[PDB]
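In what follows, a single structure is set out as structure tokens and then discussed.
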Amino acid sequence: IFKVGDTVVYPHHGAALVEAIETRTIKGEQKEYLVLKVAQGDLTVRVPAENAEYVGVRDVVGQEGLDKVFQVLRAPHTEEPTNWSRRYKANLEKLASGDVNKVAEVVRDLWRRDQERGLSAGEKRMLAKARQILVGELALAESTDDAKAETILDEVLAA
DNA sequence: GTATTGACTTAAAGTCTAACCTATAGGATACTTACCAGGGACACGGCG
């Protein structure tokens, strides 16, 4: 499941290159602690393989998720609760879930709304963060690189 | 030099319209008790 040199996805930092694994015996138990490095924060995260999936670490998603997110980007007829607070909480929880589909839907909806009439700074921050993580994830999804990943995001949002 | 009229242009309003401040309201997971002096004089509570 976990192999050296694999570009594994760890939430909510997106891509996270593995380096190695260490015994790190604690309580007399050589609990395996595999080490990930994320290029965004330049931090190392050591996680246990036995419950690694419990935290939410996932491998690079294939092309099935790629076409899924494209189709979802072409999913119309979205309505939100009237109050701004409720919809903000909903999309923030959607981002926190780490599900690629949920964050993609949040990003697209917020971007279409912002481009519709322009909103605010907090929504802008949410959109920037979510778009950043999505572009990184897609870049590694097809190893298409961050710049070309941003451009493909920019063409596909056009529909 | 000091008495005028007839144009000829000009700033200051005086006002109508538009945008950019301003007073105000609201927001529904759940959260329930904060934080180094002395030296003299006067007044208040205990004890006998």
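Letters for chains follow the order of the structure tokens (A, B, ...), residue numbers begin at 1 for each chain, and ligand numbers begin at 1 in the order shown.
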
Interface, chain A side, toward chain B (9 Å; only C-alpha atoms (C1' of nucleotides)) as a list in words:
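Listing them in order of chain and number gives residues 83, 84, 85 and 86 of chain A.
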
Spatial neighbours of residue A:37, max dist 10 Å, only C-alpha atoms (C1' of nucleotides), sep filter under 4 positions, as a ChimeraX atom specification:
/A:7-8,10,13,15-19,41-46

Report, in Å to a single decimal, how far apart atom CA of residue A:57 and atom CA of residue A:35 are.
12.0 Å

In stretch 57-150 of chain A, DSSP alpha helix (DSSP H) residues written as a PyMOL selection string
chain A and resi 63-73+84-97+100-117+121-141+146-150

Take the residues from that selection and write them out as a CSV table (one decimal), in the first residue's frame, keeping C-alpha atoms.
chain,number,residue,atom,x,y,z
A,63,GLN,CA,-8.2,9.0,-14.1
A,64,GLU,CA,-11.7,7.9,-12.9
A,65,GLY,CA,-11.6,10.6,-10.3
A,66,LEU,CA,-10.3,13.0,-12.9
A,67,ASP,CA,-13.3,12.5,-15.2
A,68,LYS,CA,-15.6,12.5,-12.2
A,69,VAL,CA,-14.3,16.0,-11.1
A,70,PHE,CA,-14.7,17.3,-14.7
A,71,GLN,CA,-18.3,16.1,-14.9
A,72,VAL,CA,-19.0,17.5,-11.4
A,73,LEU,CA,-17.5,20.8,-12.6
A,84,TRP,CA,-24.5,33.5,4.2
A,85,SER,CA,-23.4,32.0,7.5
A,86,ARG,CA,-25.0,28.6,6.9
A,87,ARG,CA,-23.6,28.2,3.4
A,88,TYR,CA,-20.1,29.4,4.6
A,89,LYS,CA,-20.2,26.7,7.3
A,90,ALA,CA,-21.4,24.1,4.8
A,91,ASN,CA,-18.6,24.8,2.3
A,92,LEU,CA,-16.0,25.1,5.1
A,93,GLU,CA,-17.0,21.6,6.4
A,94,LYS,CA,-17.0,20.4,2.8
A,95,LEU,CA,-13.4,21.6,2.5
A,96,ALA,CA,-12.4,20.1,5.9
A,97,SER,CA,-13.8,16.7,4.9
A,100,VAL,CA,-11.8,15.8,-3.6
A,101,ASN,CA,-15.4,16.0,-5.0
A,102,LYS,CA,-16.7,18.2,-2.2
A,103,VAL,CA,-13.8,20.7,-2.3
A,104,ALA,CA,-14.1,20.8,-6.1
A,105,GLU,CA,-17.8,21.6,-5.9
A,106,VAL,CA,-17.1,24.3,-3.3
A,107,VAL,CA,-14.3,25.8,-5.5
A,108,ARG,CA,-16.4,25.9,-8.6
A,109,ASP,CA,-19.5,27.2,-6.9
A,110,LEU,CA,-17.6,30.0,-5.1
A,111,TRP,CA,-15.6,30.9,-8.2
A,112,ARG,CA,-18.7,31.2,-10.4
A,113,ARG,CA,-20.4,33.3,-7.7
A,114,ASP,CA,-17.3,35.6,-7.3
A,115,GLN,CA,-17.0,36.0,-11.1
A,116,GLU,CA,-20.8,36.6,-11.2
A,117,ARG,CA,-20.7,39.7,-9.1
A,121,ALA,CA,-12.3,38.8,1.2
A,122,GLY,CA,-13.1,35.8,3.4
A,123,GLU,CA,-14.7,34.0,0.4
A,124,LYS,CA,-11.7,35.0,-1.6
A,125,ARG,CA,-9.4,33.4,0.9
A,126,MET,CA,-11.4,30.2,1.0
A,127,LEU,CA,-11.5,30.1,-2.8
A,128,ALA,CA,-7.7,30.7,-3.0
A,129,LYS,CA,-6.9,27.9,-0.6
A,130,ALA,CA,-9.2,25.4,-2.1
A,131,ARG,CA,-8.1,26.2,-5.6
A,132,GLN,CA,-4.5,25.9,-4.6
A,133,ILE,CA,-5.0,22.4,-3.1
A,134,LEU,CA,-7.1,21.3,-6.0
A,135,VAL,CA,-4.5,22.5,-8.6
A,136,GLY,CA,-1.7,20.7,-6.8
A,137,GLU,CA,-3.8,17.5,-6.5
A,138,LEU,CA,-4.6,17.6,-10.2
A,139,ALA,CA,-1.0,18.4,-11.2
A,140,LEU,CA,0.0,15.2,-9.5
A,141,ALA,CA,-3.1,13.4,-10.7
A,146,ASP,CA,1.4,23.1,-11.3
A,147,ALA,CA,1.5,25.7,-14.0
A,148,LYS,CA,-0.1,23.5,-16.7
A,149,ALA,CA,-2.4,22.2,-13.9
A,150,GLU,CA,-3.5,25.8,-13.3
